[PDB]
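Please read the structure below before turning to the comments.
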Amino acid sequence: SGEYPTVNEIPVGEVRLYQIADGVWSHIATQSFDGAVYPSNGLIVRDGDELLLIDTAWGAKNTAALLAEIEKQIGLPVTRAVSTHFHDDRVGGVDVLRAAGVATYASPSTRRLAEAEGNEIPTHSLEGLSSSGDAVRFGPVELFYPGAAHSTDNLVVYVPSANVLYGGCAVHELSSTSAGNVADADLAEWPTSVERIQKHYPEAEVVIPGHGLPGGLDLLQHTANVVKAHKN
Ligand SMILES: C[C@H](OCc1ccc(CN)cc1)c1cccc2c(-c3ccc(CS(C)(=O)=O)c(Cl)c3)c(C(=O)O)[nH]c12
Ligand SMILES: [Zn+2]
Ligand SMILES: [Zn+2]
């Protein structure tokens, strides 16, 4: 009923959208992994009379439900998708997207890692993102590679029309008391990568984490704090 939807409010298999700004939504889904249930976020950005999708809804059936929810709530076709790193909450569902006519994209680093892990593999490679600090335009967004953080390949996404920063899994929500799933992370480099985000996007008004509630720029400093303390 208008609040940001939380893990126990979304049954696994259902998707909800949340309006972030004019022409910007997040998508929220839930998934079971190793016997626990987690929420995760992605982004939808209006691209004229088409939509750009950022990240799957964490699984094939969730991603089919995402496409149905978009049709119900927005009614414009999803034509392109970008996955912001190689984990299943970002690429799981790419095969569903690819069969629904969506062109799927990721960095070459993400594509390699997805392939090596046995995860679904986006079709198209995004060049120009291999060195930290790199940025490229992709429709109505800018894609930015901040350096290694949650994963070596993680990308963040900025919507300049709305000053929306989608941090993906390199950014944690304010209530986080832990650095999440760090199996593929670089805890030593993560603060430096967050500092790069802070320097590059000082006018961000909304910051969206990969999991949990959006907020403001404080999510960036909070993330650095939880990562340093996790390492400590
Ligand atoms: C799909 C992804 O696969 C990762 C993976 C890696 C390696 C292997 C081995 N090949 C297998 C799987 C995955 C699965 C399950 C949970 C997560 C979480 C997660 C997010 C927030 C919290 C709350 S908190 C207060 O700590 O911030 C917590 Cl506990 C966890 C994240 C995330 O941090 O991005 N990613 C997750
Ligand atoms: Zn991840
Ligand atoms: Zn994640």
Side-chain angles (χ1 to χ4, degrees), residues 4-10 12-13 15 26-43 53-63 66 81-96 106-107 109-122 143-157 165-187 189-191 193-194 197 207-215 218-232:
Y4 200 81
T6 66
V7 77
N8 294 292
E9 287 164 350
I10 306 175
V12 183
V15 175
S26 65
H27 65 81
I28 314 87
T30 58
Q31 191 49 274
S32 175
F33 181 93
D34 285 27
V37 175
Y38 301 91
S40 77
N41 298 317
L43 206 70
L53 181 64
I54 311 297
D55 292 325
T56 68
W58 197 353
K61 293 176 74 179
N62 279 353
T63 299
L66 167 64
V82 172
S83 294
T84 61
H85 66 277
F86 73 100
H87 290 159
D88 198 42
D89 58 326
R90 310 293 133 196
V91 299
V94 155
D95 294 344
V96 161
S107 75
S109 179
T110 296
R111 298 181 70 260
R112 289 189 304 267
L113 292 164
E115 181 170 13
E117 280 319 326
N119 298 348
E120 294 165 43
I121 310 161
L143 304 181
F144 180 72
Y145 175 52
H150 167 80
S151 65
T152 56
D153 60 324
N154 47 34
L155 301 180
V156 307
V157 179
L165 178 59
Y166 176 85
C169 304
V171 176
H172 280 285
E173 73 173 322
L174 288 176
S175 64
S176 66
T177 59
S178 148
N181 197 318
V182 304
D184 296 320
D186 185 333
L187 298 165
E189 196 67 38
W190 195 336
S193 298
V194 164
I197 300 169
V207 178
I208 304 166
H211 304 268
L213 309 184
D218 283 3
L219 276 66
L220 303 181
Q221 188 60 228
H222 179 67
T223 297
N225 293 340
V226 299
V227 168
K228 286 140 155 156
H230 182 293
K231 201 195 163 160
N232 285 349

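Below, each value reflects all heavy atoms present in this structure, side chains not excepted, and no hydrogens, waters or symmetry copies. Both ligands and their constituent atoms are indexed starting at 1 by order of listing. Throughout, numbering of the chain's residues begins at 1 and tracks the sequence.
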Checking the N or O distance criterion of under 3.5 Å, is ligand 1 in contact with [X]?
| X | value |
| --- | --- |
| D88 | no |
| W58 | no |
| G180 | yes |

Donor-acceptor side-chain pairing of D153 and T110 below 3.5 angstrom: yes
Polar side chain donor-acceptor pair, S26 to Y4, under 3.5 angstrom: yes
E173, portion touching ligand 1 at heavy-atom distance under 4.0 Å: neither
Distance flag for atom 14 (C) of ligand 1, protein heavy atom under 4.0 Å: yes
Spacing of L165 atom CG and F144 atom CZ [to the nearest 0.5 Å]: 9.5 Å
Any pair counted as salt bridge (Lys or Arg N to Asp or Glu O under 4.0 Å), so long as it reaches residues 82-96, sequence neighbours left out: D55-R90, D95-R98
What's the shortest distance from [atom] to any protein heavy atom, and which residue and atom give it?
| atom | value |
| --- | --- |
| atom 27 (O) of ligand 1 | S178 O, 3.0 Å |
| atom 7 (C) of ligand 1 | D184 OD2, 3.5 Å |
| atom 19 (C) of ligand 1 | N181 N, 3.8 Å |

Aromatic plane relationship, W190 with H172 - under 30° parallel, 30 to 60° tilted, over 60° perpendicular: tilted
Geometric class of the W58/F33 ring pair [parallel <30°, tilted 30-60°, perpendicular >60°]: tilted
Residues, nucleotides or ligands: over 12 heavy atoms within 6.0 Å of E115 CD: no
Atoms named by residue and atom, protein N, O or S, within reach of the Zn ion (ligand 2) (under 2.8 Å): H85 NE2, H87 ND1, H150 NE2
Results of side-chain contact (heavy atoms from CB on, under 4.5 Å) for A29 - residues two or more places apart only: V15, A57, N62
Set of residues satisfying side-chain contact (heavy atoms from CB on, under 4.5 Å) with respect to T152, sequence neighbours excluded: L113, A148
